[PDB]
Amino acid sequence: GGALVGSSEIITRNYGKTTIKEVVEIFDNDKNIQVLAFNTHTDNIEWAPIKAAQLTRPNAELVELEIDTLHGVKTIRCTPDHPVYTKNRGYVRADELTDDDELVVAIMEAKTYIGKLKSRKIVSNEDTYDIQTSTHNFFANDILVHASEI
């Protein structure tokens, strides 16, 4: 389903912060990569093994989200259908988030804090990437997003 531009930052356990484009290249040979993610049951950050990583959607349509966070404005470019986790109503398509939704932001490898939508706009198409993880989610540019497998 949803996918991310290649410059979106992933927090890996063994390669440090890494763009998702570079993760896809590394995962072609190294199948042991874990990424910072989130257990929605216990509400705890967890490391999640990657099970797949690819350029899924070439020249895909995109929005750019600006998210107000504890540390200032974070931006993410993702397909309009990419789901973003909210604490108030579960996963929400990027193009359906509102300023009432409560996003989950990793402010360090072991703490989270609420994020709030600042703005959303269409941007020009790009090749997009995604990964599959054991938690069906991961942090992208410190924002908790969904990782589909179908």
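So that there is no doubt, residue numbering starts at 1 and follows the sequence shown.
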Looking only at C-alpha temperature factors in the entry, 65-73 or 39-47, the higher average sits in 39-47
Going by the mean C-alpha B-factor recorded in the entry, which is higher: 79-87 or 110-118?
110-118
Scanning 94, 123, 105, 52 for peak Cα temperature factor in the entry gives 52
Considering only modelled residues of the same chain, in which third does the CA B-factor of residue 17 rank: lowest, middle or highest?
highest
Ordered by C-alpha B-factor within the chain, which third holds residue 135? Give me lowest, middle or highest, please.
middle
Sort the modelled residues of this chain by their C-alpha B factor and say whether residue 34 lands in the lowest, middle or highest third.
lowest
